[PDB]
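These notes are about the structure you will find just below.
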Amino acid sequence: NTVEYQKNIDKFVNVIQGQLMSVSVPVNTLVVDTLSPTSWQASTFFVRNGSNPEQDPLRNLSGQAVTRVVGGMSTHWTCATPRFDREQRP
Amino acid sequence: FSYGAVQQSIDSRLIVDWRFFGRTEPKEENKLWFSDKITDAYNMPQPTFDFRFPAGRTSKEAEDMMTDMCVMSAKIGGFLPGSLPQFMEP
Amino acid sequence: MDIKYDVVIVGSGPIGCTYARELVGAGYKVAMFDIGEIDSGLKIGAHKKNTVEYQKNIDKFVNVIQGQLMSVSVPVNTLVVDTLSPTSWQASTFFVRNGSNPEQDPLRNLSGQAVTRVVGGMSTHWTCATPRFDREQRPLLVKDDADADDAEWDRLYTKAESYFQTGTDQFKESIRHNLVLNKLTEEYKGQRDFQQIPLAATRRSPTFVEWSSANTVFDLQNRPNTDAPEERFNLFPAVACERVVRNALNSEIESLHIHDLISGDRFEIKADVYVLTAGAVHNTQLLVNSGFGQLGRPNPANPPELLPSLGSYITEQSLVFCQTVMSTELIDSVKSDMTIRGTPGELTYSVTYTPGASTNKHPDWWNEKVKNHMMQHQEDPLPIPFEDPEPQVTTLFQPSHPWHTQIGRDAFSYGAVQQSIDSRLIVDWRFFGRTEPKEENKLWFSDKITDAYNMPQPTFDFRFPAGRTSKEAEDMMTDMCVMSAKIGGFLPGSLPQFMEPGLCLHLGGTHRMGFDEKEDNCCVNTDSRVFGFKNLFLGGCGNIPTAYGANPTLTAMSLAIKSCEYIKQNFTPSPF
Amino acid sequence: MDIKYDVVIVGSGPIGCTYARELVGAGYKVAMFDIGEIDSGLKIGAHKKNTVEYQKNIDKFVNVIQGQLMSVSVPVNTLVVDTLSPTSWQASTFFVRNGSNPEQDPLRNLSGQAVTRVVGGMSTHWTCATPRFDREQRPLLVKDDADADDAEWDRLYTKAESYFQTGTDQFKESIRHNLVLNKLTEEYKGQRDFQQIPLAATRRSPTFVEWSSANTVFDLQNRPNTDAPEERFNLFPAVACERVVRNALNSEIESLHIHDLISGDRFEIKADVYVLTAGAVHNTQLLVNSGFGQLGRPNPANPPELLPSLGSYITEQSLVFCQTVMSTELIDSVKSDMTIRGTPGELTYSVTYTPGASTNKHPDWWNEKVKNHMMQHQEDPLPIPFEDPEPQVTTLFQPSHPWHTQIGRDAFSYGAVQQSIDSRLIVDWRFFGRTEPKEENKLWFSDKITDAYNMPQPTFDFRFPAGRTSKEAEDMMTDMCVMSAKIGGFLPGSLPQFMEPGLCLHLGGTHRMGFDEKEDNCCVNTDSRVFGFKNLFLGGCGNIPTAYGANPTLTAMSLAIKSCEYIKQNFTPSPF
Ligand SMILES: *Cc1cc2c(cc1C)Nc1c([nH]c(=O)[nH]c1=O)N2C[C@H](O)[C@H](O)[C@H](O)COP(=O)(O)OP(=O)(O)OC[C@H]1O[C@@H](n2cnc3c(N)ncnc32)[C@H](O)[C@@H]1O
Ligand SMILES: *Cc1cc2c(cc1C)Nc1c([nH]c(=O)[nH]c1=O)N2C[C@H](O)[C@H](O)[C@H](O)COP(=O)(O)OP(=O)(O)OC[C@H]1O[C@@H](n2cnc3c(N)ncnc32)[C@H](O)[C@@H]1O
Ligand SMILES: *Cc1cc2c(cc1C)Nc1c([nH]c(=O)[nH]c1=O)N2C[C@H](O)[C@H](O)[C@H](O)COP(=O)(O)OP(=O)(O)OC[C@H]1O[C@@H](n2cnc3c(N)ncnc32)[C@H](O)[C@@H]1O
Ligand SMILES: OC[C@H]1O[C@@H](O)[C@H](O)[C@@H](F)[C@@H]1O
Ligand SMILES: OC[C@H]1O[C@@H](O)[C@H](O)[C@@H](F)[C@@H]1O
């Protein structure tokens with residue numbers, strides 16, 4: 001709702017990404033083999049970067065994320081507010 | 001919430017986004033649990049998912065949904081390269 | 001090398017080799033020139049994919065393809081590199097860099113168009129798919145008689161099919177092929193028919209297919225030789241053919257000017273009969289270098305006298321592409337005849353079928369292959385054997401689906417080869433559109449810029465026509481999305497997309513065929529003879545005047561066979 | 001293909017070709033077997049870059065290279081693809097897929113390591129760089145007599161250089177080559193010398209270089225023939241060589257097991273002399289498959305009795321790469337002799353110089369070339385002529401800069417060829433480091449997994465040694481950053497990086513040479529004879545036991561030349 005975002009709608013993707021903190025990041029197994037020989041190089045795919053050793057990478061919701069700001073996710077949401085019809089509805 | 005680098009070579013006036021969202025059957029095997037060893041950044045038990053989209057109606061509908069977006073979006077225009085039809089991260 | 005032959009052939013692709021087969025066979029003194037060289041091994045002009053090493057590493061052969069596709073017209077680049085070091089030389093303008101083509105409008109190009117200059121041309125790397133055109137895609141060879149036109153095409157295609165060793169049975173024993181083919185046949189029950197892609201290829205073992213090429217059509221050895229003592233044929237590689245010399249009357253070709261690339265010397269060759277089969281781009285270049293049509297940017301104030309339809313009404317097909325990852329349901333249907341118990345790798349694990357049972361969904365050869373793989377490789381979570389061949393599936397062009405289809409695994413991959421998903425699960429989709437011939441769509445040649453062989457630079461002025469062509473191209477895209485979904489979801493990195501215009505390499509209509517030069521806006525008649533000229537023939541997809549979606553080569557061959565018949569009827573071979 | 005031969009040679013690469021040239025020429029009855037097939041054209045085993053098309057389109061040749069580099073050991077992939085459709089089959093584990101090697105630790109691999117199976121081996125695609133090793137990189141051929149060692153190496157190198165047609169002036173008329181080299185020598189103020197990379201090549205015209213290959217060493221035509229009626233040689237392509245049969249005392253080889261890939265049949269072939277030149281990987285594989293060394297994962301405390309150093313002490317070079325964009329300062333200097341007036345493309349514009357003026361910084365021929373380019377193409381903002389050859393510069397390895405360097409343009413591009421920056425501005429930098437032989441660095445072969453040819457699967461256990469090798473590698477990177485900045489800043493997209501380990505294909509030490517099998521931890525003596533065996537010789541870079549940065553092939557060839565001398569001294573050729 002700032003004048004600046006209403007004039008640069010394209011920028012607001014950054015505000016969203018700034019406040020979506022991943023819920024469970026599994027352990028990374030990408031192989032970086034173009035490190036310099038002098039550089040410290042893992043022997044195993046150990047738990048790096050606060051990732052979650054309990055998380056099965058193949059049974060995750062990797063895109064799940066949380067917002068911790070006053071007003072929560074409604075500070076960035078799309079505002080789409082449809083009703084459920086009976087079939088979708090408790 | 002754009003998902004890739006903002007492209008500039010095509011006029012924004014011409015671009016239309018498509019987001020279709022599926023319904024997921026509730027199944028007991030699909031779980032959000034919390035570790036009794038690892039903690040998150042606020043020293044609370046680490047969230048862990050054990051999740052797959054259910055193999056039956058959920059999955060069938062999700063793929064039908066994909067085809068439906070391809071069919072429907074085509075009425076308006078062809079896909080924008082760099083934003084081709086895809087499932088987003090779970 | 002002599003200075004006088006009965007027939008000279010420019011190009012050793014499969015269409016030039018169609019002319020060589022028919023005329024070397026009928027006992028003419030034949031010469032053939034190719035600007036390119038011999039490389040494919042001892043079998044001259046043979047398919048490069050026929051080595052043991054490529055048959056064991058199908059994934060590598062994309063590199064051989066890319067190695068020999070030289071872009072036809074690269075426009076001037078306007079990407080802005082502003083992270084150069086301050087010391088580095090930095091342009092002030094977007095100048096002509098890297099041999100790019102200043103004449104080319106980047107927004108009206110066929111950027112993906114490319115040419116192959118090797119003995120055997122593009123048939124040294126091609127996919128070998130050789131479908132016939134149905135009437136709607138096909139030029140008329142007889143007017144006002146559909147049965148007689150059908151008759152003529154059926155005789156020519158049958159012979160062509162014979163030359164190519166076309167067949168539809170090479171993949172009958174593949175699990176992936178049958179799985180995908182089966183699903184589609186069932187999903188389109190009563191709506192569409194599916195079959196194996198007709199392939200110019202002969203299976204020699206369960207892991208070796210011998211793909212056809214120009215070599216299969218004509219073996220390109222010099223004659224006489226022990227095998228063909230009564231035949232006369234010479235191939236001359238590394239020779240650029242630059243012009244055919246017209247008399248003033250525009251009724252004969254006098255000679256063929258050649259440039260020997262090794263020695264650098266230029267020569268004049270005499271023939272009775274001149275056959276141009278240099279490809280749809282290079283026939284046209286060569287004719288425009290020889291005074292046909294018009295050199296330079298088109299001038300409608302001053303249209304050319306000679307062959308005014310040359311490089312007009314050009315057609316290229318729209319091509320859509322994706323890959324899919326096999327559905328869980330389809331993977332499970334592989335083993336629908338099995339009673340499976342216990343866990344793989346565990347003591348109780350059991351996979352059985354009843355051979356021949358009434359309830360079985362698969363033949364026995366199938367269930368034996370699956371049972372053995374599942375039991376003998378309990379570390380592998382799929383029921384498909386490791387060396388199972390790829391699918392080769394098509395539903396052919398029809399009025400209700402006017403596009404060609406190929407489903408399987410093509411060797412021309414378009415992105416980095418992904419490894420995280422099992423290749424057994426991956427199916428390719430390529431749908432090809434038909435493009436309406438329009439006069440505004442042109443292949444022209446610069447009167448200032450030259451290409452790397454010092455010939456006038458090819459330039460395209462092309463857009464897919466706004467009407468039926470464009471509507472069909474988008475319907476085609478949706479059709480691939482609808483159809484592929486029956487098999488599985490898209491593979492990330494290979495999502496549905498249109499390919500660069502012309503990457504599909506099916507250009508036609510650059511020197512188009514028809515009954516009447518004026519009325520049918522064309523360049524050659526149905527014997528492939530340049531109108532007015534007694535002894536000048538063109539072969540190749542450049543002849544095809546219609547909107548076609550199916551792969552053109554067999555149709556071109558078919559026209560070239562008809563063209564050889566006219567030559568045998570009208571020119572006499574020299575006595576030995 | 002006979003029962004019996006004097007000599008059999010496994011591998012038709014340039015080293016096997018070194019043995020063929022020497023032994024066929026000396027009158028032995030020679031058979032040579034290659035697992036790959038003939039595919040360079042009529043000149044068997046020739047460089048694939050010698051087509052006119054590749055010399056007009058040098059950026060395409062990267063594809064020919066990639067098409068025939070088949071990765072040695074690919075570990076199991078662990079990339080997560082979580083954007084599959086819910087309907088697509090999805091992995092529950094990272095199972096063995098796409099022929100990956102489950103023995104391979106992904107973090108101790110030479111992932112860039114690759115092999116070529118075609119007649120002529122890697123010499124059909126190589127860069128033809130053939131530097132000699134200075135003493136510091138060179139294994140001893142004579143211990144305790146540095147003078148005799150030198151004169152032995154000088155003699156063997158001089159011979160190998162004529163076999164390869166090495167020379168150092170083929171690029172002397174390039175503006176770019178000279179611009180780059182002169183600036184480097186100026187900037188280094190004496191401490192280092194810059195010269196042309198010595199190249200196995202002959203210049204045929206200003207626009208064509210006949211690169212050397214196996215075929216230059218030995219034409220690989222069957223013999224006798226009209227050109228050699230008294231010689232005896234057969235090449236058998238598409239023949240997988242699987243085992244040498246040792247006598248039980250490990251004092252001789254009795255036969256060679258071969259598998260005919262076309263017929264599927266197996267034979268044992270007899271000869272007086274057996275020569276393994278299958279490459280650094282495959283010589284070890286064949287040997288291990290024959291009972292030398294140790295099959296399976298290394299077991300310390302079970303050590304092999306026969307050639308216990310086979311597959312240990314392996315070396316592979318570190319490779320750093322970047323490209324640069326030529327400095328404004330250098331581009332200005334190319335034209336420093338010019339008087340330039342007016343603005344390009346106006347009637348007023350002119351570029352002149354005084355020939356022979358004593359103040360001119362460049363020779364007339366340079367200034368002529370610059371003047372003509374600048375006056376004939378006033379659309380072009382650069383002074384460098386369009387087909388000016390690439391630089392081919394090196395400063396050779398020395399003790400205070402212990403790496404080899406190559407500066408110019410290599411055919412083997414590592415990312416998408418960029419089109420925004422003119423190619424005349426771009427200069428490549430590749431620095432190659434030297435790797436200490438260590439026992440822990442191993443090439444071994446699985447006792448359960450097999451490759452494409454059903455041979456035990458190659459598995460690497462390799463890290464760059466900590467210590468010198470690793471300190472030098474990083475000083476090397478810094479040296480490239482420092483040196484390259486003299487010419488220009490880096491080209492975005494080709495910033496300074498280490499290449500994947502083994503991408504450089506300079507593997508050594510897999511079957512290494514030394515004086516004493518035990519004291520020197522080796523496999524072959526200075527005759528390249530396997531210790532204890534009368535009649536088995538190994539050739540190739542696998543022989544080289546030292547830490548080296550220079551390109552190894554000329555050295556490997558020189559050793560082969562020494563090995564052939566031993567042969568002619570200890571085996572009589574059969575009666576003709
Ligand atoms: C981020 C996002 C979200 C939505 C859309 C787009 C994007 C980019 N668009 C949108 C949504 N929903 C709609 O129906 N229509 C759409 O157009 N999005 C989702 C929506 O934004 C959420 O569903 C909604 O806010 C849920 O509301 P809520 O249940 O109130 O939860 P919030 O996450 O907003 O706020 C929770 C909240 O409490 C905090 N927190 C968490 N843990 C603690 C503890 N332990 N102590 C104290 N406080 C805690 C947070 O910080 C937060 O403020
Ligand atoms: C490259 C490609 C091509 C095809 C498929 C896949 C890919 C990767 N797959 C394929 C094709 N067509 C089919 O119907 N089914 C499919 O499965 N592809 C196209 C096909 O490959 C071509 O349509 C076919 O070869 C055309 O044959 P042609 O008309 O004989 O033309 P070529 O391009 O093969 O050979 C021409 C030839 O002459 C030369 N040349 C050109 N100019 C000159 C001059 N001025 N002087 C002398 N020689 C000249 C060439 O060097 C070449 O050999
Ligand atoms: C690919 C490449 C390599 C080189 C450079 C650039 C690139 C991209 N450039 C380079 C090289 N080295 C130089 O000294 N200077 C440079 O500019 N490259 C490496 C060079 O090309 C090799 O060192 C050289 O060929 C090695 O020669 P070789 O020892 O003769 O071995 P090859 O690998 O060339 O040939 C071996 C050969 O034997 C076969 N083979 C393998 N196994 C078998 C079995 N079991 N049976 C029968 N034959 C077998 C092959 O098919 C092959 O032809
Ligand atoms: O882009 C590759 C395609 O090129 C086309 O030229 C062929 O006709 C198709 F078979 C092939 O799949
Ligand atoms: O990776 C390409 C490099 O590969 C190496 O094998 C060569 O020796 C170098 F010449 C070449 O520049």
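Identifiers in the structure tokens: chain A, B, ... in order shown; residue index from 1 per chain; ligand index from 1 in order shown.
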Given a cut-off of 9 Å, which residues of chain C touch chain B, counting only C-alpha atoms, written out as a list in words?
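Contact residues on the first chain: residues 328, 329, 474, 475, 477, 478, 479, 481, 482, 485, 488, 489, 490, 491, 492, 495, 496, 497 and 498 of chain C.
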Selected residues written out with N, CA and C atoms, as a PDB file, in the first residue's frame:
ATOM      1  N   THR C 328       3.335 -42.851 -12.448  1.00  0.00           N
ATOM      2  CA  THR C 328       3.220 -44.010 -11.535  1.00  0.00           C
ATOM      3  C   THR C 328       2.220 -45.076 -12.015  1.00  0.00           C
ATOM      4  N   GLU C 329       1.079 -44.638 -12.519  1.00  0.00           N
ATOM      5  CA  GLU C 329       0.080 -45.603 -12.960  1.00  0.00           C
ATOM      6  C   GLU C 329       0.623 -46.472 -14.146  1.00  0.00           C
ATOM      7  N   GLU C 474      -0.696 -23.102 -32.361  1.00  0.00           N
ATOM      8  CA  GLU C 474      -1.080 -22.999 -30.975  1.00  0.00           C
ATOM      9  C   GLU C 474      -1.939 -24.190 -30.597  1.00  0.00           C
ATOM     10  N   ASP C 475      -2.917 -24.600 -31.437  1.00  0.00           N
ATOM     11  CA  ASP C 475      -3.724 -25.822 -31.188  1.00  0.00           C
ATOM     12  C   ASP C 475      -2.850 -27.056 -31.041  1.00  0.00           C
ATOM     13  N   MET C 477       0.349 -26.984 -29.982  1.00  0.00           N
ATOM     14  CA  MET C 477       0.914 -26.897 -28.653  1.00  0.00           C
ATOM     15  C   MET C 477       0.020 -27.451 -27.547  1.00  0.00           C
ATOM     16  N   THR C 478      -1.252 -27.076 -27.549  1.00  0.00           N
ATOM     17  CA  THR C 478      -2.194 -27.546 -26.591  1.00  0.00           C
ATOM     18  C   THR C 478      -2.391 -29.037 -26.713  1.00  0.00           C
ATOM     19  N   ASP C 479      -2.399 -29.527 -27.948  1.00  0.00           N
ATOM     20  CA  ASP C 479      -2.522 -30.942 -28.223  1.00  0.00           C
ATOM     21  C   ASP C 479      -1.374 -31.743 -27.654  1.00  0.00           C
ATOM     22  N   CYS C 481       0.316 -30.878 -24.970  1.00  0.00           N
ATOM     23  CA  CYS C 481       0.145 -30.761 -23.507  1.00  0.00           C
ATOM     24  C   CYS C 481      -0.931 -31.764 -23.091  1.00  0.00           C
ATOM     25  N   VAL C 482      -1.988 -31.894 -23.916  1.00  0.00           N
ATOM     26  CA  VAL C 482      -3.130 -32.745 -23.573  1.00  0.00           C
ATOM     27  C   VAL C 482      -2.700 -34.191 -23.659  1.00  0.00           C
ATOM     28  N   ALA C 485       0.202 -35.721 -21.325  1.00  0.00           N
ATOM     29  CA  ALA C 485      -0.299 -35.833 -19.970  1.00  0.00           C
ATOM     30  C   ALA C 485      -0.851 -37.197 -19.693  1.00  0.00           C
ATOM     31  N   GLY C 488       2.504 -38.901 -18.664  1.00  0.00           N
ATOM     32  CA  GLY C 488       3.159 -38.389 -17.456  1.00  0.00           C
ATOM     33  C   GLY C 488       3.243 -36.875 -17.535  1.00  0.00           C
ATOM     34  N   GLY C 489       3.619 -36.295 -16.411  1.00  0.00           N
ATOM     35  CA  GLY C 489       3.869 -34.876 -16.270  1.00  0.00           C
ATOM     36  C   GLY C 489       5.190 -34.455 -16.904  1.00  0.00           C
ATOM     37  N   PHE C 490       5.294 -33.196 -17.231  1.00  0.00           N
ATOM     38  CA  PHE C 490       6.462 -32.618 -17.823  1.00  0.00           C
ATOM     39  C   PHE C 490       7.687 -32.807 -16.979  1.00  0.00           C
ATOM     40  N   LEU C 491       8.802 -33.031 -17.670  1.00  0.00           N
ATOM     41  CA  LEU C 491      10.119 -33.012 -17.028  1.00  0.00           C
ATOM     42  C   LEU C 491      10.642 -31.598 -16.855  1.00  0.00           C
ATOM     43  N   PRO C 492      10.908 -31.154 -15.611  1.00  0.00           N
ATOM     44  CA  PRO C 492      11.475 -29.782 -15.421  1.00  0.00           C
ATOM     45  C   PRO C 492      12.784 -29.628 -16.209  1.00  0.00           C
ATOM     46  N   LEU C 495      10.128 -28.272 -20.423  1.00  0.00           N
ATOM     47  CA  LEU C 495       8.720 -27.866 -20.328  1.00  0.00           C
ATOM     48  C   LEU C 495       8.203 -27.533 -21.740  1.00  0.00           C
ATOM     49  N   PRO C 496       6.915 -27.559 -21.979  1.00  0.00           N
ATOM     50  CA  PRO C 496       6.432 -27.333 -23.372  1.00  0.00           C
ATOM     51  C   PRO C 496       6.809 -25.986 -23.893  1.00  0.00           C
ATOM     52  N   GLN C 497       7.390 -25.974 -25.104  1.00  0.00           N
ATOM     53  CA  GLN C 497       7.887 -24.761 -25.665  1.00  0.00           C
ATOM     54  C   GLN C 497       7.931 -24.862 -27.173  1.00  0.00           C
ATOM     55  N   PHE C 498       7.913 -23.722 -27.839  1.00  0.00           N
ATOM     56  CA  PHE C 498       8.153 -23.679 -29.270  1.00  0.00           C
ATOM     57  C   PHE C 498       9.658 -23.613 -29.392  1.00  0.00           C
TER      58      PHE C 498
END
Within 6 Å of ligand 2 (only C-alpha atoms and all ligand atoms), residues as an NGL selection string:
:C and (10-16 or 33-36 or 65 or 116-123 or 125-130 or 239-242 or 277-279 or 282 or 412 or 505 or 540-541 or 551-553)
Show me which bits of chain A are within 7 Å of chain D, counting only C-alpha atoms, as a PyMOL selection string.
chain A and resi 29-30+33-38+43+57-58
Could you save the residues just selected, with C-alpha atoms, as an mmCIF file, in the first residue's frame?
data_model
loop_
_atom_site.group_PDB
_atom_site.id
_atom_site.type_symbol
_atom_site.label_atom_id
_atom_site.label_comp_id
_atom_site.auth_asym_id
_atom_site.auth_seq_id
_atom_site.Cartn_x
_atom_site.Cartn_y
_atom_site.Cartn_z
ATOM 1 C CA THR A 29 23.856 -33.214 -1.684
ATOM 2 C CA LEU A 30 25.059 -31.077 -4.653
ATOM 3 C CA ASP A 33 34.152 -30.348 -7.435
ATOM 4 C CA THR A 34 35.661 -27.147 -8.873
ATOM 5 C CA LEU A 35 36.879 -25.847 -5.577
ATOM 6 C CA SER A 36 40.530 -24.854 -5.516
ATOM 7 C CA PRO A 37 42.783 -27.572 -4.081
ATOM 8 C CA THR A 38 43.701 -25.259 -1.151
ATOM 9 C CA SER A 43 34.342 -35.692 2.896
ATOM 10 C CA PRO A 57 14.329 -34.510 0.817
ATOM 11 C CA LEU A 58 11.951 -36.640 -1.283
#
Can you check which residues of chain D have any atom within 6 Å of chain C? Use only C-alpha atoms and format it as a PyMOL selection string.
chain D and resi 38-41+60+63-64+67+77+79+85+87-89+97+325-328+420+422+488-489
Select from chain B every residue with an atom at most 7 Å from any atom of chain A, then for each give the shortest pair of atoms and their distance in Å to one decimal, using only C-alpha atoms, rows by chain and rising number, as JSON lines.
{"residue": "B:1", "atom": "CA", "partner": "A:13", "partner_atom": "CA", "distance": 4.9}
{"residue": "B:2", "atom": "CA", "partner": "A:13", "partner_atom": "CA", "distance": 6.0}
{"residue": "B:47", "atom": "CA", "partner": "A:24", "partner_atom": "CA", "distance": 6.2}
{"residue": "B:48", "atom": "CA", "partner": "A:55", "partner_atom": "CA", "distance": 5.7}
{"residue": "B:49", "atom": "CA", "partner": "A:60", "partner_atom": "CA", "distance": 5.3}
{"residue": "B:50", "atom": "CA", "partner": "A:59", "partner_atom": "CA", "distance": 5.3}
{"residue": "B:51", "atom": "CA", "partner": "A:59", "partner_atom": "CA", "distance": 4.9}
{"residue": "B:52", "atom": "CA", "partner": "A:59", "partner_atom": "CA", "distance": 5.8}
{"residue": "B:89", "atom": "CA", "partner": "A:63", "partner_atom": "CA", "distance": 5.2}
{"residue": "B:90", "atom": "CA", "partner": "A:61", "partner_atom": "CA", "distance": 4.7}
Write a file of the selected residues as an mmCIF file, in the first residue's frame, keeping N, CA and C atoms.
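The result, stored in again_0.cif:
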data_model
loop_
_atom_site.group_PDB
_atom_site.id
_atom_site.type_symbol
_atom_site.label_atom_id
_atom_site.label_comp_id
_atom_site.auth_asym_id
_atom_site.auth_seq_id
_atom_site.Cartn_x
_atom_site.Cartn_y
_atom_site.Cartn_z
ATOM 1 N N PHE B 1 3.933 -12.073 -6.478
ATOM 2 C CA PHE B 1 4.891 -13.173 -6.286
ATOM 3 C C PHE B 1 5.365 -13.809 -7.570
ATOM 4 N N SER B 2 6.173 -13.095 -8.339
ATOM 5 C CA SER B 2 6.886 -13.698 -9.463
ATOM 6 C C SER B 2 7.930 -14.683 -9.002
ATOM 7 N N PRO B 47 10.534 -28.207 12.924
ATOM 8 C CA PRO B 47 9.510 -28.830 12.036
ATOM 9 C C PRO B 47 10.039 -29.740 10.944
ATOM 10 N N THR B 48 9.405 -30.872 10.761
ATOM 11 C CA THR B 48 9.755 -31.800 9.737
ATOM 12 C C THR B 48 8.451 -32.267 9.078
ATOM 13 N N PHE B 49 8.456 -32.333 7.740
ATOM 14 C CA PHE B 49 7.368 -32.865 6.974
ATOM 15 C C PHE B 49 7.622 -34.293 6.554
ATOM 16 N N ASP B 50 6.582 -35.081 6.568
ATOM 17 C CA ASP B 50 6.553 -36.338 5.875
ATOM 18 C C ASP B 50 5.323 -36.285 4.950
ATOM 19 N N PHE B 51 5.562 -35.917 3.687
ATOM 20 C CA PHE B 51 4.447 -35.612 2.803
ATOM 21 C C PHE B 51 4.634 -36.077 1.408
ATOM 22 N N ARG B 52 3.612 -36.738 0.838
ATOM 23 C CA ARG B 52 3.484 -36.896 -0.588
ATOM 24 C C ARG B 52 2.038 -36.571 -0.995
ATOM 25 N N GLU B 89 7.197 -25.596 -6.334
ATOM 26 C CA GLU B 89 7.824 -26.445 -5.308
ATOM 27 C C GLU B 89 6.709 -26.819 -4.341
ATOM 28 N N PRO B 90 6.687 -28.039 -3.817
ATOM 29 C CA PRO B 90 5.551 -28.359 -2.927
ATOM 30 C C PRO B 90 5.485 -27.477 -1.726
#
Between CA of residue 378 in chain C and CA of residue 101 in chain D, what is the distance, to one decimal in Å?
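About the pair CA of residue 378 in chain C and CA of residue 101 in chain D: they are 16.8 Å apart.
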Using only C-alpha atoms, which residue out of C:3, C:446, C:309, C:211 lies closest to residue 270 in chain C?
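Ranking C:3, C:446, C:309, C:211 by distance to residue 270 in chain C, first place goes to C:3.
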Would you list, as a list in words, the residues of range 160-239 of chain D that end up in strand (DSSP E) under DSSP run on this structure's backbone?
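Checking each residue of range 160-239 of chain D, the strand (DSSP E) ones are residues 166, 167, 195, 196, 199, 200, 201, 202, 203, 204, 205, 208, 209, 210, 211, 232, 233, 234, 235, 236, 237 and 239 of chain D.
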Could you tell me, counting only C-alpha atoms and all ligand atoms, which protein and nucleic acid residues lie no more than 8 Å from ligand 1, written as a PyMOL selection string?
(chain A and resi 16+19-20+66-82) or (chain B and resi 1)
Taking 3 positions as the minimum chain separation for residues in the same chain, which residues sit within 9 Å of residue 515 in chain C when counting only C-alpha atoms? Answer as an NGL selection string.
:C and (140-141 or 143 or 519-520 or 522 or 524-526)
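One finds CA of residue 413 in chain D at 24.8 Å from CA of residue 215 in chain D.
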Do you know which residues are at most 10 Å from residue 252 in chain D counting only C-alpha atoms, after dropping those on the same chain fewer than 3 positions away, and could you put them as a PyMOL selection string?
chain D and resi 244-249+255+272-274+530+532-536
Kindly export the residues of the current selection with C-alpha atoms, as a PDB file, in the first residue's frame.
ATOM      1  CA  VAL D 244      46.629 -60.621 -22.174  1.00  0.00           C
ATOM      2  CA  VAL D 245      47.299 -64.242 -21.183  1.00  0.00           C
ATOM      3  CA  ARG D 246      50.221 -64.426 -18.826  1.00  0.00           C
ATOM      4  CA  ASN D 247      52.323 -67.565 -18.501  1.00  0.00           C
ATOM      5  CA  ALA D 248      52.129 -68.672 -14.831  1.00  0.00           C
ATOM      6  CA  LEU D 249      55.684 -67.514 -14.061  1.00  0.00           C
ATOM      7  CA  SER D 255      48.036 -64.563 -26.478  1.00  0.00           C
ATOM      8  CA  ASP D 272      55.915 -62.610 -30.516  1.00  0.00           C
ATOM      9  CA  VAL D 273      55.465 -59.115 -29.022  1.00  0.00           C
ATOM     10  CA  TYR D 274      52.528 -57.493 -27.244  1.00  0.00           C
ATOM     11  CA  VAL D 530      56.649 -54.650 -17.898  1.00  0.00           C
ATOM     12  CA  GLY D 532      59.720 -59.707 -15.629  1.00  0.00           C
ATOM     13  CA  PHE D 533      57.962 -60.046 -18.944  1.00  0.00           C
ATOM     14  CA  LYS D 534      60.042 -60.717 -22.018  1.00  0.00           C
ATOM     15  CA  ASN D 535      57.438 -59.531 -24.542  1.00  0.00           C
ATOM     16  CA  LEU D 536      54.961 -57.029 -23.064  1.00  0.00           C
TER      17      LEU D 536
END
Backbone-only DSSP, helix (DSSP H, G or I) members of chain A, as a ChimeraX atom specification
/A:3-6,9-11,13-18,57-59,72-75,86-88
Could you list, as a ChimeraX atom specification, every residue within 9 Å of residue 404 in chain C, counting only C-alpha atoms and ignoring same-chain residues fewer than 4 positions away?
/C:394-398,430-434,548-551
